[PDB]
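What follows is a single structure, written as structure tokens, with notes after it.
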2 protein chains.
Amino acid sequence: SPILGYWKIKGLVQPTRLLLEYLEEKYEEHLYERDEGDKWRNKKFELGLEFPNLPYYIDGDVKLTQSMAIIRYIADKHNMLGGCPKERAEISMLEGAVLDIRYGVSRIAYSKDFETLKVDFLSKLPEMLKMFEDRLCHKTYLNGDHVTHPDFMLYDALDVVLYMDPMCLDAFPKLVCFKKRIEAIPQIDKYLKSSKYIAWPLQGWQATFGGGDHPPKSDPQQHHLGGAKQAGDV
Amino acid sequence: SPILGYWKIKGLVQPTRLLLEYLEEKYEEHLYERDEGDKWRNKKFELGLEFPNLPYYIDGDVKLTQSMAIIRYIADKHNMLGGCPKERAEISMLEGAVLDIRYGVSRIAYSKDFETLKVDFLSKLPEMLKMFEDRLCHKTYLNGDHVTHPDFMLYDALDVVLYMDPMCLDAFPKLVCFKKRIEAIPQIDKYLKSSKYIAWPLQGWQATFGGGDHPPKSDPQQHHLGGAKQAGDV
Ligand SMILES: N[C@@H](CCC(=O)N[C@@H](CS)C(=O)NCC(=O)O)C(=O)O
Ligand SMILES: N[C@@H](CCC(=O)N[C@@H](CS)C(=O)NCC(=O)O)C(=O)O
């Protein structure tokens, strides 16, 4: 059975976990705890990875690193990347646009002066969310009536920014509905309430925002889940 | 002919320019000069782009944004993405590993503390480069006998880090050989010596590193390219 290795946090791999659950695909996870950085380093170069890094995905005759290569690989095995160059480009564009939001958070989540850097991030966020809001006019998912991996990437991004600003989706009803729609998918609903769900942290434990072993205050605001704030996976 | 829009700098789109030249695909560029930020802003939402941004690519079949969606699209139409999920994942992994280096630069290039932040980046750069050095063992290009888009992304990354650390490739003979081989490709040699080549800046003009109108002194480390330290185009 395939192995997905990463820190026991949402971070870069959460969208991949969501896609795997969405596809109801069987996989095992090697979860590195907060103080297991030493364990990681001792195995980093003994796994047969050509470009050692976290996350990594190992299955039948396939050893991969790079979060985006991994999530795209899983989608590709289920014929979800796109039927022609144009559609594949549309999917990669959506992908990159979600990354601008998600990485936008991580870019300043570890800074000592997060409280001041966010005011700017949150001022540029509406413009970014608006494009997804418009994309969803008459569309159930990004790309139409069918689910694609960027939907899970966007979901992850929405989950994270909601913590930073619980009201950032007030002017975007379609995005609110989108979030609920993903959570309403049977396999996802079950997963979010399961013991394998990792609700926190959002970033690496050391982060000023979305860090720590448990959700602090002035951030933990995002309804509809199952809990598991105390990690819970191993 | 397709239209490629971006600032008149290398930045996010240089690898794409290199790919188009390699393919000898005819294209036109809409280059935004140092002072044309408002020209861009006045047209940003008037081009039909679903996710307005720079770079943008427009042809008879699509209107795209997101640099990676664009370079992948061009590669996809030229049968360079991979024949199966395993190979496509390999390419995407190569792609992501190159981005850790290229974005590693961009993430600190605008900081006022660049000069110090680069210490940590340069400390980790050797390990990143080594992965590519090993990959090139017994291979002409990153994916073997045939060129793929990550080759041009890597070329761009090498060009850029050479400016930050002129000595960073000394311990990597394969990478130096690789860089010469890319510069040896007829279409690339011609491009690098043409008036369309934008040798500088590497980042936005306002960047601490790779900014300004011309390259700094002593640090310039990368030849086989046309002079025009400025830029020169339209
Ligand atoms: N571009 C890579 C980034 C990989 C990365 O930065 N991983 C960090 C955590 S966010 C890590 O702990 N890597 C393990 C290492 O550096 O050895 C990806 O998307 O997978
Ligand atoms: N993730 C995007 C980044 C796009 C981006 O942020 N572009 C910057 C230049 S590095 C820009 O000036 N965008 C135009 C804008 O924001 O209006 C990509 O890879 O294309």
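Chain labels A, B, ... are given in the sequence in which chains occur in the structure tokens; within each chain residues are numbered consecutively from 1, and ligands are likewise numbered from 1 in the order shown.
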- prompt: Do you know which residues are within 9 Å of ligand 2 using only C-alpha atoms and all ligand atoms? Can you write them as a PyMOL selection string?
  reply: (chain A and resi 93+96-100) or (chain B and resi 6-7+11-13+37+40-41+44+52-56+65-70+106+203-204)
Go ahead and write the selection's residues with N, CA, C and O atoms as a CSV table (one decimal), in the first residue's frame.
```
chain,number,residue,atom,x,y,z
A,93,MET,N,-3.9,26.5,-14.1
A,93,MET,CA,-4.1,27.9,-13.8
A,93,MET,C,-4.8,28.0,-12.5
A,93,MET,O,-4.4,28.8,-11.6
A,96,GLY,N,-2.4,27.2,-9.7
A,96,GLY,CA,-1.5,28.3,-9.4
A,96,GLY,C,-2.2,29.5,-8.6
A,96,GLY,O,-1.6,30.1,-7.8
A,97,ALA,N,-3.4,29.8,-9.0
A,97,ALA,CA,-4.2,30.9,-8.4
A,97,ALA,C,-4.4,30.5,-6.9
A,97,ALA,O,-4.4,31.4,-6.0
A,98,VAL,N,-4.7,29.2,-6.6
A,98,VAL,CA,-5.0,28.8,-5.2
A,98,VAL,C,-3.6,28.9,-4.5
A,98,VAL,O,-3.6,29.4,-3.3
A,99,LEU,N,-2.5,28.6,-5.1
A,99,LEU,CA,-1.2,28.6,-4.5
A,99,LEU,C,-0.9,30.1,-4.1
A,99,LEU,O,-0.3,30.3,-3.0
A,100,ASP,N,-1.3,31.0,-4.9
A,100,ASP,CA,-1.0,32.4,-4.5
A,100,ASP,C,-1.6,32.8,-3.2
A,100,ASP,O,-1.0,33.5,-2.4
B,6,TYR,N,4.4,40.3,-20.0
B,6,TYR,CA,5.1,40.3,-18.7
B,6,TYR,C,5.9,41.6,-18.6
B,6,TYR,O,6.1,42.3,-19.6
B,7,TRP,N,6.5,41.8,-17.4
B,7,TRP,CA,7.3,42.9,-17.2
B,7,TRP,C,8.6,42.7,-18.1
B,7,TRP,O,8.8,41.5,-18.4
B,11,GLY,N,12.6,37.4,-14.4
B,11,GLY,CA,11.5,36.9,-13.5
B,11,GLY,C,10.9,35.6,-13.8
B,11,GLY,O,11.5,34.6,-14.2
B,12,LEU,N,9.5,35.6,-13.5
B,12,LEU,CA,8.7,34.3,-13.7
B,12,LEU,C,8.6,33.8,-15.1
B,12,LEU,O,8.4,32.6,-15.3
B,13,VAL,N,8.8,34.6,-16.1
B,13,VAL,CA,8.6,34.2,-17.5
B,13,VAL,C,9.8,33.8,-18.3
B,13,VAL,O,9.7,33.2,-19.4
B,37,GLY,N,3.6,50.3,-14.9
B,37,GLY,CA,2.8,49.6,-13.9
B,37,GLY,C,1.3,50.0,-14.1
B,37,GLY,O,0.5,49.1,-13.9
B,40,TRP,N,-0.4,48.5,-17.2
B,40,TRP,CA,-0.8,47.2,-16.9
B,40,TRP,C,-2.1,47.2,-16.1
B,40,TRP,O,-3.1,46.5,-16.5
B,41,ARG,N,-2.1,48.0,-15.0
B,41,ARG,CA,-3.3,48.0,-14.2
B,41,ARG,C,-4.5,48.5,-14.9
B,41,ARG,O,-5.6,48.1,-14.5
B,44,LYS,N,-5.4,45.3,-17.0
B,44,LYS,CA,-5.5,44.1,-16.2
B,44,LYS,C,-6.8,43.3,-16.3
B,44,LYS,O,-6.9,42.1,-16.6
B,52,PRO,N,-6.7,37.5,-13.9
B,52,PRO,CA,-5.8,38.5,-14.3
B,52,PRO,C,-4.5,38.5,-13.5
B,52,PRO,O,-4.5,38.6,-12.3
B,53,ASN,N,-3.4,38.5,-14.2
B,53,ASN,CA,-2.1,38.5,-13.6
B,53,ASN,C,-1.0,38.6,-14.6
B,53,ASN,O,-1.3,38.6,-15.8
B,54,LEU,N,0.3,38.6,-14.2
B,54,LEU,CA,1.4,38.7,-15.0
B,54,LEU,C,2.3,37.5,-14.6
B,54,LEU,O,2.6,37.4,-13.4
B,55,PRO,N,2.8,36.7,-15.6
B,55,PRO,CA,2.5,36.7,-17.0
B,55,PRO,C,1.2,36.2,-17.5
B,55,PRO,O,0.5,35.5,-16.7
B,56,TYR,N,0.8,36.6,-18.7
B,56,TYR,CA,-0.4,36.1,-19.3
B,56,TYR,C,0.0,35.7,-20.7
B,56,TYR,O,0.9,36.2,-21.3
B,65,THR,N,-3.2,32.6,-17.4
B,65,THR,CA,-2.4,33.3,-16.5
B,65,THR,C,-1.7,32.1,-15.6
B,65,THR,O,-2.1,31.0,-15.8
B,66,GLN,N,-0.8,32.5,-14.8
B,66,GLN,CA,0.0,31.6,-13.9
B,66,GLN,C,1.1,31.0,-14.8
B,66,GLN,O,1.0,30.2,-15.7
B,67,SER,N,2.3,31.5,-14.5
B,67,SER,CA,3.5,31.1,-15.2
B,67,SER,C,3.7,29.6,-15.5
B,67,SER,O,4.1,29.2,-16.5
B,68,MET,N,3.3,28.8,-14.5
B,68,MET,CA,3.5,27.3,-14.7
B,68,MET,C,2.5,26.7,-15.6
B,68,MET,O,2.8,25.8,-16.3
B,69,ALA,N,1.3,27.3,-15.5
B,69,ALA,CA,0.2,26.8,-16.4
B,69,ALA,C,0.6,27.1,-17.8
B,69,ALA,O,0.5,26.3,-18.7
B,70,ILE,N,1.2,28.3,-18.0
B,70,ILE,CA,1.6,28.7,-19.3
B,70,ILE,C,2.7,27.9,-19.9
B,70,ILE,O,2.6,27.4,-21.0
B,106,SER,N,13.7,34.5,-5.2
B,106,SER,CA,12.7,35.5,-5.2
B,106,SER,C,12.1,35.8,-3.8
B,106,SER,O,11.8,37.0,-3.5
B,203,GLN,N,14.8,40.2,-11.2
B,203,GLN,CA,13.6,40.4,-10.4
B,203,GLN,C,13.0,41.7,-10.8
B,203,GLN,O,13.4,42.3,-11.8
B,204,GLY,N,12.0,42.2,-10.0
B,204,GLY,CA,11.4,43.5,-10.3
B,204,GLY,C,12.5,44.5,-10.1
B,204,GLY,O,13.4,44.3,-9.2
```
Quick one: contact table of chain B to chain A, 9 Å max, nearest atom pair and distance in Å to one decimal per residue, counting only C-alpha atoms, chain and number order, as a Markdown table?
```
| residue | atom | partner | partner_atom | distance |
| --- | --- | --- | --- | --- |
| B:50 | CA | A:131 | CA | 6.9 |
| B:51 | CA | A:131 | CA | 6.0 |
| B:52 | CA | A:131 | CA | 8.4 |
| B:61 | CA | A:86 | CA | 7.6 |
| B:62 | CA | A:86 | CA | 6.8 |
| B:64 | CA | A:93 | CA | 7.1 |
| B:65 | CA | A:93 | CA | 6.2 |
| B:66 | CA | A:93 | CA | 5.5 |
| B:67 | CA | A:96 | CA | 8.2 |
| B:68 | CA | A:92 | CA | 7.3 |
| B:69 | CA | A:92 | CA | 4.9 |
| B:70 | CA | A:89 | CA | 7.1 |
| B:72 | CA | A:89 | CA | 7.2 |
| B:73 | CA | A:89 | CA | 5.6 |
| B:74 | CA | A:85 | CA | 8.6 |
| B:76 | CA | A:85 | CA | 6.0 |
| B:77 | CA | A:85 | CA | 6.3 |
| B:84 | CA | A:76 | CA | 8.7 |
| B:85 | CA | A:76 | CA | 5.8 |
| B:86 | CA | A:62 | CA | 7.0 |
| B:88 | CA | A:73 | CA | 7.6 |
| B:89 | CA | A:69 | CA | 5.4 |
| B:90 | CA | A:64 | CA | 7.6 |
| B:91 | CA | A:69 | CA | 8.1 |
| B:92 | CA | A:69 | CA | 4.9 |
| B:93 | CA | A:69 | CA | 5.1 |
| B:94 | CA | A:51 | CA | 8.3 |
| B:95 | CA | A:69 | CA | 8.3 |
| B:96 | CA | A:66 | CA | 5.7 |
| B:97 | CA | A:66 | CA | 6.9 |
| B:107 | CA | A:107 | CA | 8.3 |
| B:128 | CA | A:51 | CA | 8.2 |
| B:131 | CA | A:51 | CA | 5.9 |
| B:132 | CA | A:51 | CA | 8.2 |
| B:134 | CA | A:50 | CA | 8.3 |
| B:135 | CA | A:50 | CA | 7.4 |
```
Quick one: write out the picked residues with C-alpha atoms as a PDB file, in the first residue's frame?
```pdb
ATOM      1  CA  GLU B  50     -10.286  34.769 -15.757  1.00  0.00           C
ATOM      2  CA  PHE B  51      -7.462  35.231 -13.248  1.00  0.00           C
ATOM      3  CA  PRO B  52      -5.801  38.531 -14.282  1.00  0.00           C
ATOM      4  CA  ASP B  61      -7.327  28.798 -28.364  1.00  0.00           C
ATOM      5  CA  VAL B  62      -6.722  30.111 -24.841  1.00  0.00           C
ATOM      6  CA  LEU B  64      -4.074  31.952 -19.597  1.00  0.00           C
ATOM      7  CA  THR B  65      -2.358  33.250 -16.462  1.00  0.00           C
ATOM      8  CA  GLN B  66      -0.017  31.586 -13.949  1.00  0.00           C
ATOM      9  CA  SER B  67       3.516  31.088 -15.229  1.00  0.00           C
ATOM     10  CA  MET B  68       3.531  27.350 -14.659  1.00  0.00           C
ATOM     11  CA  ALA B  69       0.194  26.774 -16.395  1.00  0.00           C
ATOM     12  CA  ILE B  70       1.612  28.708 -19.342  1.00  0.00           C
ATOM     13  CA  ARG B  72       3.177  23.575 -19.204  1.00  0.00           C
ATOM     14  CA  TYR B  73       0.603  24.457 -21.871  1.00  0.00           C
ATOM     15  CA  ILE B  74       3.307  25.270 -24.412  1.00  0.00           C
ATOM     16  CA  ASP B  76       1.937  20.035 -23.568  1.00  0.00           C
ATOM     17  CA  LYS B  77       1.120  21.162 -27.128  1.00  0.00           C
ATOM     18  CA  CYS B  84       2.160   8.324 -18.643  1.00  0.00           C
ATOM     19  CA  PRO B  85       1.394   9.369 -15.052  1.00  0.00           C
ATOM     20  CA  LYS B  86       4.762   8.115 -13.777  1.00  0.00           C
ATOM     21  CA  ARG B  88       4.513  13.183 -15.969  1.00  0.00           C
ATOM     22  CA  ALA B  89       5.093  13.032 -12.201  1.00  0.00           C
ATOM     23  CA  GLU B  90       8.856  12.805 -12.723  1.00  0.00           C
ATOM     24  CA  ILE B  91       8.687  15.987 -14.822  1.00  0.00           C
ATOM     25  CA  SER B  92       6.547  17.753 -12.258  1.00  0.00           C
ATOM     26  CA  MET B  93       8.943  16.705  -9.512  1.00  0.00           C
ATOM     27  CA  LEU B  94      11.893  18.100 -11.498  1.00  0.00           C
ATOM     28  CA  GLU B  95       9.789  21.193 -12.023  1.00  0.00           C
ATOM     29  CA  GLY B  96       9.049  21.625  -8.321  1.00  0.00           C
ATOM     30  CA  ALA B  97      12.654  21.027  -7.282  1.00  0.00           C
ATOM     31  CA  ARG B 107      11.424  35.052  -1.591  1.00  0.00           C
ATOM     32  CA  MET B 128      19.642  21.362  -3.775  1.00  0.00           C
ATOM     33  CA  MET B 131      20.253  16.536  -6.409  1.00  0.00           C
ATOM     34  CA  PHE B 132      20.363  17.863  -9.976  1.00  0.00           C
ATOM     35  CA  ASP B 134      23.187  13.376  -9.445  1.00  0.00           C
ATOM     36  CA  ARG B 135      20.172  13.420 -11.764  1.00  0.00           C
TER      37      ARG B 135
END
```
- request: Considering only C-alpha atoms, return as a VMD selection string whatever protein or nucleic-acid residues lie within 12 Å of residue 110 (chain B), sequence-local ones (same chain, fewer than 5 positions apart) excluded.
  value: chain B and resid 103 to 105 115 117 to 118 202 to 212
task: Using only C-alpha atoms, determine which residues lie at most 9 Å from region 216-219 of chain B, disregarding the query and same-chain residues fewer than 6 positions distant; provide the list as a PyMOL selection string.
output: chain B and resi 162-166+210
query: In Å, with one decimal, what is the gap from CA of residue 46 (chain A) to atom 13 (N, counted along the ligand's line) of ligand 1?
result: 15.0 Å
- request: May I ask for the distance between CA of residue 22 (chain A) and CA of residue 222 (chain A), given in Å to one decimal place?
  value: 20.6 Å
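The spacing separating CA of residue 154 (chain A) from CA of residue 59 (chain B) amounts to 27.3 Å.
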query: Taking the backbone alone, and naming residues the way the document does, which bits of region 1-228 of chain A are strand (DSSP E) by DSSP, as a count of residues only?
result: 18
query: Near region 189-191 of chain B, counting only C-alpha atoms, which residues have an atom at most 12 Å away, once you skip same-chain residues fewer than 6 positions from it, shown as a ChimeraX atom specification?
result: /B:14,17-24,179-183,197-199,223-227
Just-selected residues, N, CA, C and O atoms written as an mmCIF file, in the first residue's frame:
```cif
data_model
loop_
_atom_site.group_PDB
_atom_site.id
_atom_site.type_symbol
_atom_site.label_atom_id
_atom_site.label_comp_id
_atom_site.auth_asym_id
_atom_site.auth_seq_id
_atom_site.Cartn_x
_atom_site.Cartn_y
_atom_site.Cartn_z
ATOM 1 N N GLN B 14 11.040 34.041 -17.846
ATOM 2 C CA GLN B 14 12.221 33.714 -18.644
ATOM 3 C C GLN B 14 12.255 32.261 -19.147
ATOM 4 O O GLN B 14 12.557 32.018 -20.312
ATOM 5 N N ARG B 17 10.158 31.965 -22.146
ATOM 6 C CA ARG B 17 10.752 32.574 -23.328
ATOM 7 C C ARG B 17 11.753 31.614 -23.945
ATOM 8 O O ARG B 17 11.786 31.444 -25.160
ATOM 9 N N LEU B 18 12.576 30.990 -23.100
ATOM 10 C CA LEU B 18 13.581 30.052 -23.576
ATOM 11 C C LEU B 18 12.939 28.866 -24.280
ATOM 12 O O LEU B 18 13.440 28.406 -25.305
ATOM 13 N N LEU B 19 11.828 28.378 -23.737
ATOM 14 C CA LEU B 19 11.133 27.236 -24.324
ATOM 15 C C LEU B 19 10.596 27.575 -25.709
ATOM 16 O O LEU B 19 10.771 26.798 -26.650
ATOM 17 N N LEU B 20 9.941 28.725 -25.830
ATOM 18 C CA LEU B 20 9.388 29.161 -27.109
ATOM 19 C C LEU B 20 10.491 29.277 -28.157
ATOM 20 O O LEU B 20 10.329 28.828 -29.292
ATOM 21 N N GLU B 21 11.626 29.849 -27.767
ATOM 22 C CA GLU B 21 12.748 30.000 -28.690
ATOM 23 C C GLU B 21 13.278 28.634 -29.112
ATOM 24 O O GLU B 21 13.619 28.422 -30.274
ATOM 25 N N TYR B 22 13.361 27.715 -28.158
ATOM 26 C CA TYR B 22 13.832 26.366 -28.445
ATOM 27 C C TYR B 22 12.944 25.715 -29.500
ATOM 28 O O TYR B 22 13.424 25.062 -30.425
ATOM 29 N N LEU B 23 11.638 25.895 -29.334
ATOM 30 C CA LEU B 23 10.641 25.324 -30.229
ATOM 31 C C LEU B 23 10.534 26.092 -31.543
ATOM 32 O O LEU B 23 9.958 25.596 -32.512
ATOM 33 N N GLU B 24 11.090 27.297 -31.562
ATOM 34 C CA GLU B 24 11.048 28.165 -32.734
ATOM 35 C C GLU B 24 9.610 28.582 -33.020
ATOM 36 O O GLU B 24 9.240 28.871 -34.160
ATOM 37 N N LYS B 179 24.630 23.524 -18.424
ATOM 38 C CA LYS B 179 24.377 24.917 -18.767
ATOM 39 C C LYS B 179 25.017 25.302 -20.103
ATOM 40 O O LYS B 179 24.439 26.071 -20.868
ATOM 41 N N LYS B 180 26.204 24.771 -20.384
ATOM 42 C CA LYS B 180 26.878 25.067 -21.648
ATOM 43 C C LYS B 180 26.122 24.419 -22.802
ATOM 44 O O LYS B 180 25.973 25.005 -23.876
ATOM 45 N N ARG B 181 25.643 23.203 -22.564
ATOM 46 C CA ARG B 181 24.914 22.447 -23.571
ATOM 47 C C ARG B 181 23.631 23.159 -23.974
ATOM 48 O O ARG B 181 23.279 23.182 -25.150
ATOM 49 N N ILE B 182 22.938 23.748 -23.002
ATOM 50 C CA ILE B 182 21.713 24.494 -23.289
ATOM 51 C C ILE B 182 22.080 25.725 -24.126
ATOM 52 O O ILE B 182 21.411 26.051 -25.106
ATOM 53 N N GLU B 183 23.155 26.400 -23.734
ATOM 54 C CA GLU B 183 23.606 27.591 -24.449
ATOM 55 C C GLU B 183 24.109 27.212 -25.838
ATOM 56 O O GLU B 183 24.161 28.051 -26.736
ATOM 57 N N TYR B 197 16.658 39.327 -26.388
ATOM 58 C CA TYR B 197 17.082 38.787 -25.104
ATOM 59 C C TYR B 197 17.113 39.852 -24.009
ATOM 60 O O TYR B 197 17.678 40.935 -24.186
ATOM 61 N N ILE B 198 16.488 39.534 -22.878
ATOM 62 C CA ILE B 198 16.444 40.435 -21.732
ATOM 63 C C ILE B 198 17.370 39.833 -20.680
ATOM 64 O O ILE B 198 16.984 38.932 -19.940
ATOM 65 N N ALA B 199 18.598 40.334 -20.619
ATOM 66 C CA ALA B 199 19.582 39.806 -19.681
ATOM 67 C C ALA B 199 19.418 40.308 -18.252
ATOM 68 O O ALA B 199 19.913 39.683 -17.314
ATOM 69 N N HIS B 223 28.131 33.701 -18.808
ATOM 70 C CA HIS B 223 28.396 34.209 -20.150
ATOM 71 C C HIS B 223 27.623 33.425 -21.211
ATOM 72 O O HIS B 223 26.588 32.829 -20.914
ATOM 73 N N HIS B 224 28.130 33.429 -22.443
ATOM 74 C CA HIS B 224 27.472 32.745 -23.557
ATOM 75 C C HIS B 224 26.166 33.441 -23.916
ATOM 76 O O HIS B 224 25.354 32.905 -24.671
ATOM 77 N N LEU B 225 25.970 34.637 -23.369
ATOM 78 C CA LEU B 225 24.769 35.416 -23.638
ATOM 79 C C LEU B 225 25.168 36.738 -24.276
ATOM 80 O O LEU B 225 26.309 37.180 -24.147
ATOM 81 N N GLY B 226 24.221 37.365 -24.967
ATOM 82 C CA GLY B 226 24.485 38.642 -25.606
ATOM 83 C C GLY B 226 24.689 39.699 -24.541
ATOM 84 O O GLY B 226 24.213 39.532 -23.417
ATOM 85 N N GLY B 227 25.397 40.776 -24.878
ATOM 86 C CA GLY B 227 25.639 41.830 -23.907
ATOM 87 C C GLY B 227 24.319 42.432 -23.469
ATOM 88 O O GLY B 227 23.515 41.769 -22.806
#
```
message: Show me, as an MDAnalysis selection string, the residues that have an atom within 6 Å of residue 8 (chain B) when counting only C-alpha atoms, minus same-chain residues fewer than 4 positions from it.
response: chainID B and resid 31:33
How would the residues just picked look written out with C-alpha atoms as an mmCIF file, in the first residue's frame?
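Generated file (again_10.cif):
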```cif
data_model
loop_
_atom_site.group_PDB
_atom_site.id
_atom_site.type_symbol
_atom_site.label_atom_id
_atom_site.label_comp_id
_atom_site.auth_asym_id
_atom_site.auth_seq_id
_atom_site.Cartn_x
_atom_site.Cartn_y
_atom_site.Cartn_z
ATOM 1 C CA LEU B 31 6.522 43.979 -22.485
ATOM 2 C CA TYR B 32 5.734 46.282 -19.588
ATOM 3 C CA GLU B 33 8.611 48.682 -18.835
#
```
field: Top pick for closest residue to ligand 1, considering A:161, A:3, A:9, A:80 and counting only C-alpha atoms and all ligand atoms
entry: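 Comparing A:161, A:3, A:9, A:80 against ligand 1, the winner is A:9.
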message: From a backbone DSSP assignment, name each residue in region 6-203 of chain B labelled alpha helix (DSSP H), as a count of residues only.
response: 110
